[PDB]
Structure formats: structure tokens, C-alpha cells
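Enquirer: Sequence, then the experimental structure. Questions to follow.
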Amino acid sequence: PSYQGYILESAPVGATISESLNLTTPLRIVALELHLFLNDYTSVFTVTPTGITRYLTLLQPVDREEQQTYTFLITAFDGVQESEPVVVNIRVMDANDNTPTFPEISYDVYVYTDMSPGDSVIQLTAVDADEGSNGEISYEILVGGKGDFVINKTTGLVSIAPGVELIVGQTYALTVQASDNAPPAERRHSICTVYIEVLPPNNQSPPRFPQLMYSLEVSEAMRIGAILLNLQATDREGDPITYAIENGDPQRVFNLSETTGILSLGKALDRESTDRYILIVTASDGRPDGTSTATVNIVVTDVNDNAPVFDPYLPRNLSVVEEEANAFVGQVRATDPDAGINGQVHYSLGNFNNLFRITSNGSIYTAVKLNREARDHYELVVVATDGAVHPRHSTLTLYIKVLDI
Ligand SMILES: [Ca+2]
Ligand SMILES: [Ca+2]
Ligand SMILES: [Ca+2]
Ligand SMILES: [Ca+2]
Ligand SMILES: [Ca+2]
Ligand SMILES: [Ca+2]
Ligand SMILES: [K+]
């Protein structure tokens with residue numbers, strides 16, 4: 001048979017003895033009316049005179065400066081029967097005098113994106129001077145960590161929450177609370193405010209490009225030294241920026257300024273040959289980690305810089321019958337290295353245009369019954385014309401010899 005009670009040293013006369021340390025619930029003795037008598041301390045504690053369940057009460061106020069631990073014996077009596085004795089033990093627990101209080105009301109602290117989950121943010125420590133458990137401090141983060149931060153219930157260290165990977169330029173206002181492990185009704189707490197901002201690693205970044213890829217058009221005709229493109233990379237921290245081409249131009253046909261980032265042209269372009277460059281460019285602090293990249297797609301565009309050339313080995317000596325019209329003389333063929341309208345060839349005749357004609361393709365014909373005796377030798381000149389505005393020509397004299405039978 002064994003009872004354990006608890007009473008607070010500030011408790012009034014006429015107070016029930018409790019069962020938990022929490023002091024929320026009262027002590028509960030069974031009466032199996034009957035007479036429960038108690039042997040010691042009868043001047044401070046009294047039993048409930050009636051009821052199946054019975055309570056202990058304060059007669060005189062207690063104080064634990066002397067006498068923190070009463071132990072005595074309930075027994076029930078009835079004349080007929082004296083009971084076996086029940087042991088009651090009580091503890092007079094100390095009042096909560098002190099609020100756990102932080103040194104500072106607020107805290108300012110930085111966080112860097114490179115720091116992982118579990119990496120520590122800020123140790124902070126309230127101090128509750130009350131001896132025992134009226135000063136065992138517990139720390140909770142109430143709100144405003146967005147669950148990216150978590151504190152240690154007992155140590156007071158805020159570290160990074162599981163699997164977060166913090167984004168830059170992100171602020172926070174955590175509100176932490178220190179509370180003592182005292183009983184509920186007599187328990188103190190104080191709150192505190194951690195303002196957090198997220199920086200980049202080492203508070204440093206590379207110089208960034210306003211875009212990752214650049215889609216250019218250039219005319220093969222564009223001058224040497226004429227600027228293609230300014231590569232305006234801003235650096236957050238104000239570091240000086242060094243640009244350089246890294247891939248895509250083994251010829252140094254292009255010149256990117258080391259300091260200004262302007263990309264001029266260094267050698268003459270020809271599209272006939274190579275019609276597209278794709279460089280890689282870089283801007284950087286110097287700081288080993290601090291460096292960005294970017295890809296620039298030069299596509300060179302066409303100008304009519306090429307006359308249509310006749311195929312070298314065309315038969316030049318031709319023959320057509322004595323006397324006929326729409327009679328096939330022979331065929332020519334010309335090509336143009338340019339592109340578009342500048343590539344298209346159109347065939348024309350530079351003389352004898354009432355005698356002979358020519359089709360859209362190379363096919364030369366007679367328009368009229370040619371006369372074997374009036375004429376035998378025609379040095380005729382055929383003209384290939386490219387299809388541009390401001391077109392270019394080539395000519396080719398053929399030697400037609402008209403026949404008979
Ligand atoms: Ca006290
Ligand atoms: Ca306290
Ligand atoms: Ca920088
Ligand atoms: Ca060219
Ligand atoms: Ca052309
Ligand atoms: Ca061209
Ligand atoms: K104290």
C-alpha cells in the first residue's frame with residue numbers, strides 16, 4: 001500500500017494535495033462511513049471525512065525551506081477492525097520565481113545557399129536562474145521558419161531542416177520560445193525573434209549573362225571591326241569582369257573585348273565556305289568558383305557576291321538541221337554559289353533573238369526555219385542571269401553550224 005502526493009510551497013490553506021508533478025489532478029485515496037486516521041503531521045494535513053474516494057487537504061501552509069518531504073501512515077479504524085497501514089509520501093515542490101529570458105530580443109543572422117541540412121544557423125540560450133526543474137529550459141520555434149529551420153528542444157541551436165536547399169534573397173522571421181519545465185499553472189516563458197537572410201556562397205556569385213544562348217544573323221559582307229554583339233554581364237558583388245571566347249572559333253575570326261564585352265569581327269566572312277559559327281563565351285570574377293558561360297550562334301547570311309558560272313566543259317560546238325523551227329540546238333547549264341534569289345539562274349540570248357530562242361532551263365531552240373545557204377556559221381552568245389535585285393551576268397559564246405541533207 002503506497003501513495004505519492006505533491007503540493008506547491010505557495011499553495012493556500014484549503015488546497016487539495018495532487019498526484020502528478022503537474023499539480024493539475026488531486027491525490028485519490030480509497031475508502032473500501034469509515035474512519036481513515038493518520039498517525040503523523042495531523043496538524044498540517046486532513047482527510048476528507050466522507051466519500052468512497054478521499055482527498056488530503058492543507059490545514060497550515062507549507063514551505064520547503066524546512067520540510068520538503070512529509071511521510072506518514074493512513075489507517076482505517078472501525079472499533080471492530082483496525083486496517084493494515086497505508087503509506088502516504090508528499091513532496092513540497094519549489095515555486096517558480098524566474099522567467100527564462102534571452103540575452104537579446106532579436107537576432108540578425110546570415111545563411112548561405114551552400115550549407116546543407118543539419119548545418120547550424122544560430123545558437124541561442126535563454127537563462128532561467130531557478131534551481132531544479134523550474135529552470136530546465138525547453139526551446140520551440142513557434143512560427144516563421146516556414147519549416148526550413150528547426151531548433152533543438154534542449155540545447156537551443158537552430159539548424160537547417162531536413163532536405164531544404166535554401167533559395168537566395170529569402171528572408172525569414174523565426175520566433176523562438178523558451179519555457180521552463182515547471183508545472184502548467186505556475187510556468188513562465190519568453191519569446192524571441194531571429195531574422196534570417198539567405199546569401200549566395202561566400203556572399204559571392206559569378207557575373208551573369210542576361211541570356212544563356214544568343215541567336216545572331218551576320219551578313220558575310222559585314223566589315224572587319226564592325227560590332228556583332230555586346231555581352232553585358234553584370235556582377236552582383238561589383239567584381240571586375242573578364243570576357244573571353246573559349247570554343248567555337250579556332251580561327252579568331254571574332255574578337256570579344258577582354259574588358260568591354262563587345263564582340264567585333266576580326267577576319268572577313270564568306271558564307272560560300274562556312275556558314276555558321278557557335279562560340280562559347282565566359283565572364284568571371286577571378287574567384288576560382290566565380291565563372292559563367294554562354295553560347296552564341298552566329299549564322300552568316302547571304303549577299304550576291306557570285307556571278308553565275310557556266311559549267312566549264314559544256315559542248316560549245318553545236319549543230320541544228322537545214323531548215324526548221326522549234327529544232328533542238330543544244331543545252332547549257334550554269335550555277336550560282338550564292339543562295340536564294342541570288343542563287344537562281346535565268347537564261348537569256350544576247351543576239352539573234354528573232355532566229356533562236358531559249359527556255360527557262362538550258363534548252364536553246366530555233367524560233368524560225370533557219371536557212372542553210374543564207375547563213376551557215378552563227379557565233380551566238382547565251383547569257384546566264386542570277387535572280388537578285390542588281391543581278392550579275394555571265395556570257396558564253398556558242399558556235400552553231402547549221403546543216404543539210
Ligand atoms: Ca521558492
Ligand atoms: Ca523558472
Ligand atoms: Ca561576383
Ligand atoms: Ca562570299
Ligand atoms: Ca549570284
Ligand atoms: Ca553569297
Ligand atoms: K529560487
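Expert: Great, that's in hand. Residues are numbered from 1 along each chain as shown. Ligands and ions are numbered 1, 2, ... in the order given.
Enquirer: and the spatially closest residue to residue 154 that is not a sequence neighbour, how many residues sit next to it?
Expert: The shortest distance from residue 154 to any non-neighbouring residue, by CB to CB, 6 or more residues apart in numbering, is to residue 138 (6.9 Å). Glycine gets a C-beta too; all of them are placed from N, C-alpha and C. When counting by other CB atoms under 10 Å, one arrives at 17 neighbours for residue 138.
Enquirer: Any chance you could list what contacts the helix or strand residue 138 falls within?
Expert: Per DSSP states H and E, residue 138 falls inside strand 137-143. Here strand 137-143 makes contact (CB atoms under 8 Å, 6 or more residues apart in numbering) with 100, 126-128, 149-156, 158, 174-181, 191.
Enquirer: Separate out the buried members of those residues.
Expert: For the contacts of strand 137-143, a neighbour count by 16 or more other CB atoms under 10 Å gives the buried set as 100, 126, 128, 149-151, 156, 158, 174, 176-180.
Enquirer: Return the residues in contact with the residue in the stretch 51-200 of the chain that ligand 3 sits nearest to.
Expert: Nearest to ligand 3 in the stretch 51-200 of the chain, going by CB to the ion, is residue 200, at a distance of 8.6 Å. Contacts for residue 200 (CB under 8 Å, 6+ apart) come out as 112-113, 168, 236.
Enquirer: close enough to count as contact, residue 75 and residue 34?
Expert: No. In this structure residue 75 lies outside contact range of residue 34 using CB atoms under 8 Å: 10.8 Å.
Enquirer: quick one: residue 398 and ligand 5, what's the gap?
Expert: Counting by CB to the ion, to the nearest Å, the separation of residue 398 from ligand 5 is 22 Å.
Enquirer: Look up phi and psi at residue 98.
Expert: Per-residue torsions, residue 98: phi -120, psi 140 (degrees, to the nearest 10).
Enquirer: oh, I was asking about residue 184
Expert: According to degrees, to the nearest 10, residue 184 has phi -40, psi -60.
Enquirer: For the residue nearest to the spatial centre of the chain, grab phi and psi.
Expert: Among the residues of the chain, residue 167 comes closest to the average C-alpha position under CA atoms, centre = their mean, at 6.8 Å. Main-chain dihedrals, residue 167, degrees, to the nearest 10: phi -80, psi 150.
Enquirer: ok, it touching residue 113?
Expert: Yes. Between residue 167 and residue 113 a contact is recorded at 7.3 Å, counting by CB under 8 Å.
Enquirer: so what sits against both of these two?
Expert: Contacts common to residue 167 and residue 113, judged by CB under 8 Å, 6+ apart, are residue 198.
Enquirer: re earlier: list the ones among the buried ones among the contacts of strand 137-143 that fall in strands.
Expert: Under the assignment DSSP state E, these contribute 149-151, 158, 174, 176-180 to strands.
Enquirer: quick check, nearest of the residues you listed to ligand 1?
Expert: The nearest one, if we look at those relative to ligand 1 and count by CB to the ion, is residue 180, at 13.4 Å.
Enquirer: do you know how far the closest one is from ligand 2?
Expert: 4 Å.
Enquirer: One more: residue 338?
Expert: Distance check for residue 338 against ligand 2: by CB to the ion, it reads 91 Å.
Enquirer: Next, give phi and psi for that residue.
Expert: phi -60, psi -180.
Enquirer: same deal with residue 381?
Expert: phi -120, psi 120.
Enquirer: Neighbouring strands - and their directions - for the strand holding residue 138?
Expert: The strands beside strand 137-143 in its sheet (DSSP bridges) come out as strand 171-180 (antiparallel).
Enquirer: Can you give the distance of the strand it pairs with from its chain's centre?
Expert: Centroid separation for strand 171-180 versus its chain: 28 Å, with CA atoms, centre = their mean, to the nearest Å.
Enquirer: Could you look up the next helix or strand downstream of it?
Expert: strand 189-199.
Enquirer: Tell me the residues on this protein that lie near ligand 6, please.
Expert: 302, 305, 338 (CB under 5 Å from the ion).
Enquirer: Just send those residues back as CSV, with neighbour count too.
Expert: Converted to CSV, these look like this (neighbours: other CB atoms under 10 Å):
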residue, neighbour count
302, 20
305, 14
338, 23
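Enquirer: can these go into a markdown table with extra columns for distance to ligand 5?
Expert: Converted to a markdown table, the residues of the chain next to ligand 6 look like this (distance: CB to the ion, whole Å):
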| residue | distance to ligand 5 |
| --- | --- |
| 302 | 9 |
| 305 | 7 |
| 338 | 4 |
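Enquirer: I'd like to know which of the residues you listed is nearest to ligand 4.
Expert: In terms of CB to the ion, no member of these lies closer to ligand 4 than residue 305, at 4.4 Å.
Enquirer: Quick check, the closest one in contact with residue 268.
Expert: No. Using CB under 8 Å, residue 305 is not in contact with residue 268; the gap is 11.1 Å.
Enquirer: picking up where we left off before, now intersect the contacts of residue 200 with the strands, please.
Expert: Of the contacts of residue 200, the ones assigned to strands by DSSP E are residue 112.
Enquirer: Taking the contacts of residue 200, tell me the two that lie furthest apart.
Expert: Across those, the longest distance by CB to CB is 14.0 Å; it joins 112 and 236.
Enquirer: Name the nearest residue to residue 183, ignoring sequence neighbours.
Expert: Nearest to residue 183 is residue 23, by CB to CB, 6+ apart, at 4.5 Å.
Enquirer: Tell me if I am right that the one you found is in a helix.
Expert: No. Using DSSP: H, G, I helix; E, B strand; the rest coil, the assignment for residue 23 is coil, not a helix.
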